[PDB]
Structure formats: C-alpha cells, structure tokens
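Colleague: Opening piece of a complex, kept in its complex position:
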Amino acid sequence: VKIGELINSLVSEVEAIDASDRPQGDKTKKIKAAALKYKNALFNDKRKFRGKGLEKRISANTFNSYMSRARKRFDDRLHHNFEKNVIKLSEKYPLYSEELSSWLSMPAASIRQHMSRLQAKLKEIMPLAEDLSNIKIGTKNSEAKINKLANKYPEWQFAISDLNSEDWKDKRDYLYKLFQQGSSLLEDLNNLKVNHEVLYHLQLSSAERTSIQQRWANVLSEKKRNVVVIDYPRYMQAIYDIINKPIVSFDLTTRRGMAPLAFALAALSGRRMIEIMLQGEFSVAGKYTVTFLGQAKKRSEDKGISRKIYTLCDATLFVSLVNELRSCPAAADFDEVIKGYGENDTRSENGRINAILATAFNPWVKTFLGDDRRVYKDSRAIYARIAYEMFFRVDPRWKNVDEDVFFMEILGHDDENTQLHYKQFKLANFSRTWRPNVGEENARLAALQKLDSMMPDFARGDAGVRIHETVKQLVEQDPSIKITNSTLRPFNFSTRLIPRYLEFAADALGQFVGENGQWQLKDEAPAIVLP
Amino acid sequence: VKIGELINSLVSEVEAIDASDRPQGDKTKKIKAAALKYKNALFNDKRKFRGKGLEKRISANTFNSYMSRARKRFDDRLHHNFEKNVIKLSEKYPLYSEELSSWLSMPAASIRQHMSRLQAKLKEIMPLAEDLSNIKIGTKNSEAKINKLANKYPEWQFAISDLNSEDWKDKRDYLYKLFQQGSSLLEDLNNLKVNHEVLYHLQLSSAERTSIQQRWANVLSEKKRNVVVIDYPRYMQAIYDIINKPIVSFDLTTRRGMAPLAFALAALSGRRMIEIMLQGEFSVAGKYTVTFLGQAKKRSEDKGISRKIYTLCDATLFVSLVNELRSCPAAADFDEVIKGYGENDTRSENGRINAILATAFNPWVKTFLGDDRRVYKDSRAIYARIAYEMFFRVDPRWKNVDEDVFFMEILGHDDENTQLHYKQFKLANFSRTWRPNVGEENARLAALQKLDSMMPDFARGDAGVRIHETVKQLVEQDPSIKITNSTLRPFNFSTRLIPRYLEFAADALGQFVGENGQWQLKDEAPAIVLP
C-alpha cells in the first residue's frame, strides 16, 4: 500500500486460510502440528522477526496488538486434543460427568465460560473443606454454623445445607467424594489445553514480552509522579457552557462538530468514548445518578449487567444529550462504518469506530483544555477525581468500603487493581457547592464603546455603522465567535473595506494577526494550572 | 512431639541431607534428577499429599509456608547445568562475556543479583532502540536529543553519549551490536535455569496454588468492603498518654510489659513490629520526620537504603523511646533468642523474634483498642491513614505525585500495588490541629467525696481512714489502677477488712465484681466507633 509497513490483513488471512487446511488435511496430528508452527513463523517473521531492517519494522506495541488480532481470529476454535480429553475426564471423574460431558457439542465461546466457572467453583474446595474440618458434625451447633457457612459458599449450598437435615452421615461422606474428585479435576482442568494449538506459537517471546511489560510498567510509573492540576470551577463552567448551547447551536454534520459535546458528555459521566458514542445504555435514576449497561472491555462475562453511576449535572438532561448526539448526521454512518471496508479490514466494530472519532475528538480537546499533553480519555481521570472529592464521604453508599473500592465500582473494573491508572489529576479550588453563571459580555460591550463614536465617519456614508452593527449583532449571538474576512463577505461589504474594519475593531473584538490569518488572543487561564 | 502435626524440622533436613548426597553421588545427572524428584515427593507427601487423613493434616497456608522453608534451605545453591551454561553464553555472546564470565566463581547470593540487574539492563533495549530509530543521527539535533535521551537511560550513557562526539558511524554500528546481542542474550537469560533442580519439584500445584491464590484474593476483598472507623483524638490521646509515663513508670521485666510502649512506638511511626523491636535504625530529621534504615521484607536488594518517614510526635522523643525499649530487660534475650534452640529450629532469626513478641503484644492491643477483631499490625493501617489525612495536601514533597505514590513511599513498598492492604481504616473527627490534655481526676475526686464523711466510723478506730488514705494515695499515683484484695494486703490491713472496704468504695473506684474477682467498668468509647 501507500505508506504502510506490513500488508497486515493479507498476512493475517494468508495464515488463517493456510492453518485451516493444515488441520483439514488427511495427514495426521504428529505432522500437522509440525506444519502449524511453520505457518506461524511465517506470520511472526513477516512482522518483526526475520528479513527486517531496523527503522522500517513495526513496534513492540504494534507487534502485540497485531498478534492479539491473529490470535483472536481463532477464538471459536478449540484444541484438536480437547474433546478427546473432556471425555477422558468424564470417565475419570463421575460426579462431574454431567457438566463435563454437557460441554462437547457447544460453542467454544461458551465452553470457556463453563470451564472457568467450574474452575472457580472447584477452587473454593480447599477453603470450604478447611472450614468444615473445624465444625462439630453433631446437632449441637451444626444447624447454625452450617446454615451460615453453607449460605456463604453458593454452589455448594445444595450439598452443604443437606448435612444437618433428614440425613447426616451418608450425605456427608458424599461431599468428601465431591471434594476428592473436584480437587483433582481442577488439577487436571488447569493443565487441560483449551484454545487452538496455533495460539501457543502466536505468542511474543519472554524476551519481547518481558521488556514490553517492563516498559509499560515504567510509563505508568513516571505518570503517577507527574500529576496535572485542574481548576474545578473553570473546568466545570466550560463544561456547563457546552451543555447549554441548544443542540442546533452547533454543527453536527461533521465528525469534528460533535467533539465538544462528545467530550462533554464523557466529562460528566466518566464513560469511555465508545460507551458514549455507541454501545452505552442509560436511564435516569436520580438527579445525579443514572443506571448504565454495556460496560466495554469486558472479556465477555456474557452478562449484560447494569451499574449505577454518577452524573455531574441533571442525569435526565444527560440521557437526552446522549440520545441527541447519537442521532445528528455525523453519527448515522455508524451502522455501516462498523461493517468494515472489505475482507482485509481486521479491526473490530468498536475499533472501526475508533478509526473515525478518535481523530475527530482529541484535537478539539487539546485546544479546549489549553495544553496539548493530555487527551480525550482524560474525562475519566478527571471525572473519577470529582466523583471522589464529591461523593466519597457523603453518599451513604460507601459507608463501609475504602477509596479503591470506590474508584473500582465507579469505573466498572473487575478488581481494585486497574484503578491505579486513573489518578493523574489533582483538583485546585474544589467546592461541593460550585454553581454556573448567568452571564456578562466583554466582547459586545467593548465593540459598543466604539459604537457611533467613530462609525458614521469611518467610511463613505452608511458602511461604517452597517458593518459595525452587523459585527455587533454577530457577536451578541456568539460571544466567542471569530470574525474573519470570510465571516463578513457573505453579507456583501466592499472587499477592500472589511479588513480595514477588522484592523480597527481589532482590540474590541480581541483578535490579532499571527503568522497567517486573524486569530483570537487566549481568553482565561486554561483549566490546566501551570507548574 | 506433644500436640504437633508434622515433625517438620526432622523432615526438612531428612531431605536437605538426602538431596546433598544424591548430588554428591558418583552416579550421574540423568538418574540423579530421577532420585531428587523422589526425595521431594517424600517431603511433599509427608506434609499434605499421601497417607494423610483429613482433619489431621496441615493447611494450605501451613503448607506453602513450610514449602518456602524447604526451598529456602537451598538458596546458596545453583543448578547443576548452570555454570556449564553461563560459559556457553559467554562464547555465544562476546560483548557480554566480561559480565557473564565474571559470575562463575561467585556466591549464588550475588549471581542472582547480577543476573536480574543484567536482565533489567537488557530489557531496556527494546524501547531505547525504538527511540533512536526516530532520531536524526546527524549533528543537527543529535547533540540535544542524545544528551537528553542518553542521560535518560543510565547504563547506556557510556555507549549513547558516545554517538555525537569524537566519533560517529563506527561507534553507532557498535550499539546495534550491543543490541542484537543483548537482545537475544535476554531471550536466553530468561530461559536459563538458575536455582537448584530440586526447587522445581518443591512447588505446590496449579490446583493447590490457584485455589490458595484465589482464597487470599477473596480475603482482602471482603476486607476493603469492611472498614473500621477510628476516633482520631481519643486514639491519639491514648497514645500520647502512653508516651508520657516515664520509662520507669512501667514494667519491662516481662515480654508483655513492653506491649503498650511497643504498640505505641509502632502506632506513631508506622513501622513493622520487627523493624521497631530489632533491625530498625532511626535518626531525627525534623520535628515530625525521621530517617529510617533496615526496611524488612525486602528480598535483598543488598542495599541498606534509607527512607525519610513521618513521626506523629517529637521525632527526637521517638528515637529515644525506641533506644529505651530496645534495652530494658525483656528485650535483652534477643541476641540469644535469635540463635534458635537447635538444629531442628527452621525459623528465621526475625521469625524467632516473632515467636516471642507476637503473643506478648497482640493481646494487649485488643484490650487497648476495645474490640478484638483487629491486631497489632493495625498501627500501620492507622498510621498511613493519619500520615495521609495529615500531610498529603500539605508537605510540598508530594506536589506532583498521586496518593498511591504516597502510601507506597511512606510504607517502603517496591510498587504502588501492595498498598491496597493498608486502607481498612477511616478516621472520624480528624483535625490537623489536635492537642493532648493536661489532666483531671474522676477517680480520686469521687473517693474524696466519701473521705472523712464516713471513714472514722467505718471501722474500729483508725483503719477507716488509713485504708481510704492509702487507696487515695494509691490512686492519685495511677488514676487508672485496679485495686484488688492483693493490692492492699502487702500494706497489712485486716484481711476480713479490705474486701469490706472495696464493696463500699465500689462506686467511687469504679469497680464491679464479674463472674470471678473485681474488675473495672469500661471507661470511654473505645477508639473503634461501633457500626
């Protein structure tokens, strides 16, 4: 292609197509495996291993991203030696042959889910048995302890609660059979190979993995040692000012047009770009709380669970702006953008979206905030700080839980660990009591001071006031609009006259000429407080 | 032994002794390995695998703790196939034969340190090369970028800064040789087996490991969902009250005696018990800051680094109470306690200490705080909360770093991850302005109200006032002392008279009789605010 490094797509299929025949072949297992590895080194090298110069090969990041891609291409395919095996275990472990055997003819997509769920259940044997190996099996304290502990270990309540009942001894010895069997099953379920043989060769390499994993580890470390202070009210204000402009007030016929609004909605809820723009689903729950579904990045739990999240302004107004944005022109292509551009588009549907919006949104954001350094996804980091500083010590929801739990749940994380990435911001001038503004107008006022004063004589007759009147009218509308030569020509004023005016109204309009056209001097102190 | 489950010690050596001959033997490698595994299953089973009932075997926790022990018994011993190998790599990679070969005849204890340091250095190639593969090797911007990047990657500055200098091309191509060689070295250094062959069999088992690792994961999770609120001033006070009692004021001829003071010192600095009691080393640095050395639990960096830590009261007074405690009787056995009790004592020197102090301190702590549930090491959790609530937004030390960095550094952790265990407490009524108290005396005052009033006629002559006078004198001393029958007999008062008095002074002394002897009604609201 044009400025491409690797013809990726072709490559990726050059193998999914090859390794689909290699397993199709009449030859058998021993050699097939021998040829699969082959295929991979074919894939592997092409991208970053052999016959590659230096400043022309892709990066470790681009390498692992592409690997994920190839690997993912086999998701729906399990190890050749799998089923053969699952059977062997049914035979080997009876009390678990209903579940084990219920797998076989099932999609891989849900075997994996059934196996980890089972592994999870089995992994709880060790502790559960230790708890019992400390409980008087007699009817003295059994009733209590049992119904307390039994109700403490869900998928066992059926065999636990059945200890102190119509039966006793025999139903007990039963468990130990579920134990000694499930305990060694796990030992085998853990060792059991699941995903397709190829995957085991489509891995980076200790060398490559280790050094990436350390690099990343370093990047987020320097990050926690470099906080960026934000001015709460300035920020909050600028956001509220976006939310007000009537939906029509701004252009939405361009991908960039919906940047301000997109970033804002994201800045108020803390949801991820994709979540806002596409698969997120909200419904009001209170003035500042809204229920959410469609958390992204979940390695399929399968479940379409809902989490109650905070909203930094009327949650109703929020759900409507999201329903708005999702409609206006710029956002209608989505049902097609997703479908991709051909058999060589390896991106995900969500990825296809990112291909469009990301470039449209980030640039706006930098201007919006002042400095460049930070991006769109900062709305999360920001939001999470606010939500914290705003509701941790107040909402009786977190009475008995620590801050980490808070960041986790508010973010949708499956462990309090990943929220270590979301703490790069510090708030300067925060008040649980902040409120927006009604308004004033530096702009028109200034242009006014030079109203009639020098407008009848600024030109031959009328002109002087007709331009000024126009410019005023035009500013009163958008107290933040940039008046250029192109802004006034559509109105029909002597071309050699407009610029003559701008050079004049230069200070009242707050514009200066840079190394090109006319611009607007910086307004206030960009939410990002300098060092 | 008496109530022991496994004769551990014997066992552990029954093998270090066996597997020391197994490698001594004239037979060779192939079979030796065959026999080592053998040895292990001998160790392994004896503790938790075969020929073991159920409620009589040890726990997964006791199992992994004991494994650590056995493993650690080989620390100073490397793989048989190691040296053989290190050589092969010197040959294989020249530019790294000085370091690789400098290993060989060296203690294992420092080879391991030399290898991870080298691995670390090599793991930085990937990124460093990518940075360069984006730098104009010409003298246009080289000087700047290079001296910026070169000074950014330490053990490379020698070969990096030497790019834009007396030389150019040849010294560059040099790096790529350090790169292509170090890059594949790592790939091999990572795969290289280091520690003794046995270790690879003295492992738990996916089944066993996975389920422990999940259990633990669960225990700390329920923990972050169960915070314990502490009353800042009550707590702080009770602590300051301990610090004041002149060193002589309390018994230190018993291990328990030094509990109050030990817990207090720990409560003021946030250091670990062992750190306080034995290997910690402090020197004042300011009113509230002190420098510390001897951080425990570090898997030898080798380095005796010092970290500046906070102190919750005069850091000078602090360092003196630590120098005090470390002396008084109860703490002098330490130089011998450490040596152990024989060849069958598998504990660590620090462990040997824990064997003594832990039981002596925890019980005091529970009474001290009110409820039982929590222990000694809570001083850390507490401290870290205070230090946070106390200095995060104030000490200009953390201007550009997030809370996690704070907890980390204040704790001595090697990663902001482990500080997720130290957040179980929440402070109720915290003020950066708290101050102790001068004093009052409910006790004596009350006993006073019943002074002469009814003392001359409380008994036959004198007695009435002589006992009361004594009891008063005795309380004025210790406004918190428990007056029992034994407290007054050494003074020589009619035995059938003391109890007659206590039954009387019962309410002024604030004592009641429980299901045994006389006790003291609870004082205030134990620092642990109820739910």
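Modeller: Nice, I can see it. Residues are numbered from 1 along each chain as shown, chains lettered A, B, ... in the order given.
Colleague: From here on, just use CA atoms for contacts and neighbour counts.
Modeller: Noted.
Colleague: show me what contacts the closest residue to chain B within the stretch 1-150 of chain A?
Modeller: Proximity of the stretch 1-150 of chain A to chain B (CA to the nearest CA) peaks at residue A:123, 4.5 Å away. Residues in contact with residue A:123 (CA atoms under 8 Å, 6 or more residues apart in numbering or on different chains) are A:183, A:186, B:207, B:210-211, B:214.
Colleague: Check the stretch 251-400 of chain A for the residue nearest chain B and tell me.
Modeller: Here the stretch 251-400 of chain A gets closest to chain B at one residue, residue A:400, 4.9 Å apart by CA to the nearest CA.
Colleague: contacting residues for residue A:119?
Modeller: So residue A:119 contacts A:186, A:189-190 (CA under 8 Å, 6+ apart).
Colleague: quick one: it and residue A:93, what's the gap?
Modeller: Separation of residue A:119 from residue A:93 (CA to CA, to the nearest Å): 14 Å.
Colleague: just to revisit the earlier point, return the backbone torsion pair for the residue of the stretch 1-150 of chain A closest to chain B.
Modeller: For residue A:123, the backbone dihedrals (degrees, to the nearest 10) come out as phi -60, psi -10.
Colleague: need the contact list for the closest residue to chain B within the stretch 401-531 of chain A.
Modeller: Ranking the residues of the stretch 401-531 of chain A by distance to chain B (CA to the nearest CA) places residue A:401 first, at 4.2 Å. Under the criterion of CA under 8 Å, 6+ apart, the contact list for residue A:401 reads B:224-227, B:424.
Colleague: one more, DNA strand C:
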DNA sequence: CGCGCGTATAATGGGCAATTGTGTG
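Modeller: Adding DNA strand C to what we have so far:
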C-alpha cells in the same frame, strides 16, 4: 484491563508454671 505466582512477616491457641486473687482457719 483482566488473569497468575513463591516469600518474609505478623497473629492465634495450646499446655504449663508462676502470680494474682479470695476466703477464711
């Protein structure tokens, strides 16, 4: 963002011997 592993300390309870506590002869 979601999934996994071996080590170095602190904490709990048992079985005794010493000391605190009560009556009372």
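Colleague: can you tell me which helix in chain A is longest?
Modeller: Identified as the longest helix of chain A according to DSSP state H is helix A:169-191.
Colleague: Spell out which parts of the stretch 301-450 of chain A neighbour chain B.
Modeller: By the rule CA under 8 Å from any CA of the partner chain, the part of the stretch 301-450 of chain A lying against chain B is A:400-402, A:404-405, A:417, A:420, A:423-425.
Colleague: and of those residues, the nearest to DNA strand C?
Modeller: DNA strand C lies nearest to residue A:417 out of these, by CA to the nearest atom of the strand, at 7.2 Å.
Colleague: Near the closest residue to that closest one other than its chain neighbours, how many other residues are there?
Modeller: Leaving aside its sequence neighbours, residue A:417 sits nearest to residue B:417 (CA to CA, 6 or more residues apart in numbering or on different chains; 7.3 Å). Look at residue B:417: counted by other CA atoms under 10 Å in any protein chain shown, it has 16 neighbours.
Colleague: With residue A:131 instead?
Modeller: Residues near residue A:131, counting by other CA under 10 Å, number 11.
Colleague: quick one, phi psi at it?
Modeller: Dihedral pair for residue A:131: phi -70, psi -40, per degrees, to the nearest 10.
Colleague: Stretch A:70-88 spans what distance, first to last residue?
Modeller: Its start and end residues considered, stretch A:70-88 measures 31 Å (CA to CA).
Colleague: so how far is that stretch from its chain's centroid?
Modeller: Between the mean C-alpha location of stretch A:70-88 and the chain-wide mean there is a distance of 29 Å, by CA atoms, centre = their mean, to the nearest Å.
Colleague: DNA strand D next, sequence below:
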DNA sequence: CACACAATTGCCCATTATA
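Modeller: Time to bring in DNA strand D:
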C-alpha cells in the same frame, strides 16, 4: 499471717493468616 483453691498472667512454639 499462713494455707487451699480459683483464675489470670506470662512463656515459647507449632500453626496458620497476611503482605
């Protein structure tokens, strides 16, 4: 005061739980 008997301290270790 001294003696008999009830509890509670205090100890150190082998287990067991946590960072």
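Colleague: Check the neighbour count of residue B:417 one more time with DNA strand D there.
Modeller: Neighbours of residue B:417 under the rule other CA under 10 Å: 16.
Colleague: can you give me the strands in the stretch 151-300 of chain A?
Modeller: Under the criterion DSSP state E, counting those that start in this stretch, strands of the stretch 151-300 of chain A are mapped to A:228-231, A:281-284, A:289-293.
Colleague: who wins for proximity to residue A:50 among the ones you listed?
Modeller: Closest approach to residue A:50 among the strands of the stretch 151-300 of chain A is made by strand A:228-231 (42.4 Å; CA to CA).
Colleague: I'd like to know which elements that closest one is packed against.
Modeller: With contacts defined as 3 or more CA pairs under 8 Å, 6 or more residues apart in numbering or on different chains; DSSP states H and E, strand A:228-231 has these neighbours: strand A:425-428.
Colleague: buried ones in the strand it packs on?
Modeller: By neighbour count on 16 or more other CA atoms under 10 Å in any protein chain shown, the buried set for strand A:425-428 is A:425-427.
Colleague: follow-up on the earlier one: and the longest helix of chain A, is it in reach of chain B?
Modeller: Yes - applying CA under 8 Å from any CA, one finds helix A:169-191 touching chain B at A:183-184, A:186-188, A:190-191.
Colleague: how about these, which pair is most distant?
Modeller: Spanning the widest gap among the residues of helix A:169-191 next to chain B are A:183 and A:191, at 13.0 Å by CA to CA.
Colleague: that older thread, columns distance to residue A:315 on top of the residues of helix A:169-191 next to chain B, output as TSV?
Modeller: Output for those, formatted as TSV (distance: CA to CA, whole Å):
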residue	distance to residue A:315
A:183	49
A:184	51
A:186	46
A:187	49
A:188	50
A:190	45
A:191	49
